[PDB]
Amino acid sequence: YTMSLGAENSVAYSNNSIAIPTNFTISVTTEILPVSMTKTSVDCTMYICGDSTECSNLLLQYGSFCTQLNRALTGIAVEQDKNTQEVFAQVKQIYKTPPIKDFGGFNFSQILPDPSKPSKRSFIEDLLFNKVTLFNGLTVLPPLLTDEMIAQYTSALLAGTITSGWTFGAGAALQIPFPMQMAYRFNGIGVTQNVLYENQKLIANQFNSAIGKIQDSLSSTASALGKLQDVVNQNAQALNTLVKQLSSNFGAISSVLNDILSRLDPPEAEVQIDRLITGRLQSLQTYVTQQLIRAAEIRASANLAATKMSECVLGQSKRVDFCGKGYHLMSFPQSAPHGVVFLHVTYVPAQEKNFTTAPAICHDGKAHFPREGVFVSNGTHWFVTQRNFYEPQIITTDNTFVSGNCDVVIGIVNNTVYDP
Amino acid sequence: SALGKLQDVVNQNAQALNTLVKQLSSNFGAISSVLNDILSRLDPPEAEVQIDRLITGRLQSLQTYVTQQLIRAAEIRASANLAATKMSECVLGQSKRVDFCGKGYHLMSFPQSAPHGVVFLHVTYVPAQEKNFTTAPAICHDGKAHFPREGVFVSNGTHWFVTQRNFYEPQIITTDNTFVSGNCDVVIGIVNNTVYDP
Amino acid sequence: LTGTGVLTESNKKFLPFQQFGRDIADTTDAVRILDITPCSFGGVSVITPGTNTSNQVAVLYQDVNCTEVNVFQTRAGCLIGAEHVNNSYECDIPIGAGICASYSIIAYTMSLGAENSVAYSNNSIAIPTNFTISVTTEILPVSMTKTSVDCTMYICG
Amino acid sequence: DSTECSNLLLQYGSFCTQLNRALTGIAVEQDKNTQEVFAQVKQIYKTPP
Ligand SMILES: *[C@@H]1O[C@H](CO)[C@@H](O)[C@H](O)[C@H]1NC(C)=O
Ligand SMILES: *[C@@H]1O[C@H](CO)[C@@H](O)[C@H](O)[C@H]1NC(C)=O
Ligand SMILES: *[C@@H]1O[C@H](CO)[C@@H](O)[C@H](O)[C@H]1NC(C)=O
Ligand SMILES: *[C@@H]1O[C@H](CO)[C@@H](O)[C@H](O)[C@H]1NC(C)=O
Ligand SMILES: *[C@@H]1O[C@H](CO)[C@@H](O)[C@H](O)[C@H]1NC(C)=O
Ligand SMILES: *[C@@H]1O[C@H](CO)[C@@H](O)[C@H](O)[C@H]1NC(C)=O
Ligand SMILES: *[C@@H]1O[C@H](CO)[C@@H](O)[C@H](O)[C@H]1NC(C)=O
Ligand SMILES: *[C@@H]1O[C@H](CO)[C@@H](O)[C@H](O)[C@H]1NC(C)=O
Ligand SMILES: *[C@@H]1O[C@H](CO)[C@@H](O)[C@H](O)[C@H]1NC(C)=O
Ligand SMILES: *[C@@H]1O[C@H](CO)[C@@H](O)[C@H](O)[C@H]1NC(C)=O
Ligand SMILES: *[C@@H]1O[C@H](CO)[C@@H](O)[C@H](O)[C@H]1NC(C)=O
Ligand SMILES: *[C@@H]1O[C@H](CO)[C@@H](O)[C@H](O)[C@H]1NC(C)=O
Ligand SMILES: *[C@@H]1O[C@H](CO)[C@@H](O)[C@H](O)[C@H]1NC(C)=O
Ligand SMILES: *[C@@H]1O[C@H](CO)[C@@H](O)[C@H](O)[C@H]1NC(C)=O
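Chains as they are written, first to last, in our numbering: chain A, 1 to 420; chain B, 1001 to 1198; chain C, 2001 to 2157; chain D, 3001 to 3049.
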């Protein structure tokens, strides 16, 4: 068929009509970002020749490409370590969650470290690790930061986020009861603190339900970590392709160097060695170039991940869709085998209602504009509310300001303004 | 080693050029690394065979160097895009992004030149001398719940004040800097207090 | 068929018509039944606190269980010449697998940072009473040397 | 379409698969770039008459 771009709808746009939500949704979405890849070291002399002195002699008379390839691979490994350090080792102190989990009904046991010691990983981290499944001079250099240390970094970041908000990302951590932290975050997205202080129980229940939906999605729905799996698969495919190319004839009489040496005279043996060296060296050049390109891509992804950690996790971001769809509230990091997972907690408007607006109010031959919010009328009664939530208030001189007469404003209506 | 990044960049470039020069004087499987001796010693068929071999080797070395230079140029372009962005919203303005231009609340930045790069001196605000106070989500007065317009309600042990979030400026609770948004029967943590009406 | 490696008793079962056995990469693995496993090999790294600070060095064999050949064993391989201390310091020379070295040469596990527990409780906040103006230096390369190579002159001369 | 090329390339290796995989990955990446840049919404809104 021809793919459909999405649902087709027409929005009722009028010069005196607005739609304001009367309810909200706390939605938790998951974002996957690769942070690093496997550190592979290739010994060029061992790969091309395989501990044969004569092939090594012909290689060293050929040139110094081996040093260049080793330097490139070493630089790739150090870049991977730096990527891991920059994404994870950001906070200079390891914060510990207090034993009394009094977060005003906001459950966090699914992302907090489990006291039962499952390698000091949260239950979500355990599912993330379990969901992804991971001789010729080819070695795998272990990462500098172990999985437990990465988990401890994530736990410290998460504990600092809960117990201090964004204060610990800008200096010394300052304790906050985590309810006024949510009130501050609501203030950041344009919602007054009264919404939280009226619907705290509902907000906590919705947040726990969203975490549970993430629980079910990670438990049942597979292929949720497609990016990390794709990175691992590409690296494994490239390595396997190099391994397969090790046993190519390249125009020689045999792909086994030892067989050539034990069968053929030194002049013809060395010309066959030259052919094999040319082929294997070209294959290694191709592999190193692809590895460098992939390392650059992974470095860009890790820079993006570090920016997301610093902006979404250590604070509240006003950037649209940078930390999840909707008005971003907070983010929680979770460790992944070769990357990171961001649980973005966001505010989504819902349950909308029609209203009639007016730019200003003409009262006593004067134009009154709202300080913050918008003028809305249901039926024949006029009120002022806030943009992101329907909280009507009586129009009063305190929350409105006067600017000129009501002759130049287009769309102004006649209404009374209460003077207290 | 304060300017270690620029030093690393110039060292990498110098190493690449030095490696190219060294590879120029490599045998590449021929009889000698010099071409004039090949001309003066061999007959035209063998001479052109050795010249072809040397051309192939040097062409491979030059392509390797060019590819490395292209990768490094892409990385430097990314770094320069980052630098231009940092200049754009940290020198030409104030950035609200966390840790983009310094550890702490960024105030302003100053750019300075460098032999092959730029250096940003980020002036940032860092809180210090933290003190512990007793808080409440709202204040109950005349059967009504009062919330601060901006800031937070704190208590020093006996009296309740309202201050700002990033600094301690305690002020008496007043109807001017507080707003009423309901009663005291729904707010968790409500604390009874009086609000001065001027 | 000539080669270098270690002959080992094989638990795999061959067939009467089968003589050689090759695993992935089409390389010889088992020969008639004896398994061929090449002897241990790997890289050699040197850990030094710099020539001026000291003349002492430690040798790290990566991916080699060097019990066959001050000895420490880590997931990154084995280390010779360093005394294992059970303290926790900031990493100075990154060895790998969470293990670093510092100056006698000691090897330890990385200290992730100062550990403190925020005094988190309801109706309690921490508010600063003073400010600090901090200037932080950040360095970003903007450009590199523009080099032009004439291929005709370089290759031929 | 010469059999000698196939004969001399089957022993040369599997570079053709590498190049095809690289080009396929590039093509998939461009499709993803367009998809990410242009499909920021899932509803096709229409301007009122
Ligand atoms: C908002 O939705 C929740 C259920 O999601 C409901 O319990 C609540 O009453 C709604 N709010 C209003 C004002 O109707
Ligand atoms: C949080 O959820 C876990 C299991 O989902 C439960 O054991 C725990 O009691 C919950 N905490 C609160 C405060 O409800
Ligand atoms: C309210 O708005 C919706 C969509 O914005 C529209 O379909 C509906 O007709 C409006 N209702 C009234 C009474 O205008
Ligand atoms: C409009 O809504 C307000 C709610 O504040 C209510 O007091 C008023 O009666 C409503 N007017 C009409 C005409 O429904
Ligand atoms: C909206 O447009 C209509 C034309 O259909 C006009 O009669 C009306 O005065 C306009 N109202 C405002 C507030 O602009
Ligand atoms: C508002 O009232 C004034 C005075 O009664 C009148 O001149 C004007 O036409 C009214 N405006 C509207 C929009 O009804
Ligand atoms: C009191 O303040 C200190 C520093 O000012 C802070 O680190 C601590 O969390 C606070 N709470 C205590 C000691 O209960
Ligand atoms: C709190 O401060 C007020 C005035 O700033 C003072 O009257 C009172 O004695 C103080 N109480 C304590 C316990 O420090
Ligand atoms: C704080 O929590 C304790 C129990 O942990 C409770 O007794 C107290 O009433 C709470 N105070 C406020 C202001 O929420
Ligand atoms: C606040 O005062 C009202 C009446 O004056 C009383 O009913 C209520 O229990 C008081 N609350 C507290 C926390 O003292
Ligand atoms: C170490 O540094 C010193 C002074 O900085 C210098 O003289 C020496 O050459 C360096 N290395 C050696 C060989 O000690
Ligand atoms: C080395 O081998 C011994 C026994 O052969 C084993 O106990 C030890 O775990 C190995 N060391 C490592 C981690 O390579
Ligand atoms: C740490 O290591 C030392 C020496 O390796 C050993 O005595 C013991 O396992 C640990 N010592 C202490 C005091 O924990
Ligand atoms: C704040 O620190 C400065 C020095 O940085 C000092 O002069 C001043 O007395 C301090 N202020 C307070 C209120 O302690």
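For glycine and all other residues, C-beta sits at the position ideal for the given N, C-alpha and C.
Distance between beta carbons of residue j and residue i, contact taken as under 8 Å
i: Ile361/A; j: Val408/A; result: With 8 Å as the limit, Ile361/A and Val408/A do not qualify as a contact, their Cβ atoms being about 14 Å apart.
i: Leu112/A; j: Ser122/A; result: 6 Å
i: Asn1166/B; j: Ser2124/C; result: In fact, because the Cβ distance is near 17 Å, the residues do not count as touching under 8 Å.
i: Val1152/B; j: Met149/A; result: That belief does not hold up - the Cβ atoms of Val1152/B and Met149/A are roughly 36 Å apart, past 8 Å.
i: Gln351/A; j: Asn23/A; result: 4 Å
Strand pairing of residue i, partner residues [DSSP]
i: residue 1204/B; result: With chain B running from 1001 to 1198 in the structure shown, residue 1204/B is simply not present.
i: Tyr347/A; result: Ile26/A and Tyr327/A
i: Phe3015/D; result: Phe3015/D pairs with nothing; no bridge assigned.
i: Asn1192/B; result: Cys1140/B
i: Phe1179/B; result: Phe1147/B
i: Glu86/A; result: Paired residues: none, contrary to the question.
i: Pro2128/C; result: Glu1130/B
i: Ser2088/C; result: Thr2109/C
i: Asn3007/D; result: Paired residues: none, contrary to the question.
i: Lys3046/D; result: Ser10/A
i: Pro2094/C; result: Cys2100/C
Cβ neighbour criterion (16 or more within 10 Å) applied to residue i
i: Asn3007/D; result: exposed
i: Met2153/C; result: exposed
i: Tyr197/A; result: buried
i: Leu257/A; result: buried
i: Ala1084/B; result: exposed
i: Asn83/A; result: buried
i: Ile410/A; result: exposed
i: residue 3093/D; result: Limits of chain D in this structure are 3001 at one end and 3049 at the other, which puts residue 3093/D out of reach.
i: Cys2100/C; result: buried
Cβ neighbours of residue i in the same chain (closer than 7 Å, five flanking residues each side left out)
i: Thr2132/C; result: none
i: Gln229/A; result: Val132
i: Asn187/A; result: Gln193
i: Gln272/A; result: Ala252, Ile253, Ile260 and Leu264
i: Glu2090/C; result: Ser2111
Alpha-carbon spacing of residue i relative to residue j, whole angstroms
i: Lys3042/D; j: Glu8/A; result: 9 Å
i: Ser2088/C; j: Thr2109/C; result: 6 Å
i: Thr74/A; j: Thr1019/B; result: 17 Å
i: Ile394/A; j: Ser377/A; result: 11 Å
i: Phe168/A; j: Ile3044/D; result: 42 Å
i: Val1119/B; j: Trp166/A; result: 27 Å
i: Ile189/A; j: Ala1136/B; result: 22 Å
i: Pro142/A; j: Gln200/A; result: 46 Å
i: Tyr1196/B; j: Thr1175/B; result: 7 Å
i: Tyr2103/C; j: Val2059/C; result: 14 Å
i: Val2142/C; j: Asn1011/B; result: 15 Å
i: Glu1150/B; j: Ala295/A; result: 47 Å
i: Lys325/A; j: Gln175/A; result: 29 Å
i: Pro99/A; j: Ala12/A; result: 52 Å
i: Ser1113/B; j: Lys2146/C; result: 18 Å
i: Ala2107/C; j: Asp2063/C; result: 18 Å
i: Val2149/C; j: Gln3035/D; result: 40 Å
i: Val195/A; j: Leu134/A; result: 46 Å
i: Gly160/A; j: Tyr3012/D; result: 57 Å
Other residues of its chain near residue i: CB distance less than 8 Å, five sequence neighbours each side excluded
i: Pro392/A; result: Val376, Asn378, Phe383, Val384 and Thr385
i: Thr416/A; result: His363 and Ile395
i: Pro2094/C; result: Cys2100
Same chain, Cβ closer than 6 Å to residue i, neighbours up to 5 away in sequence not counted
i: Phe2014/C; result: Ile2033
i: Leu144/A; result: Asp81
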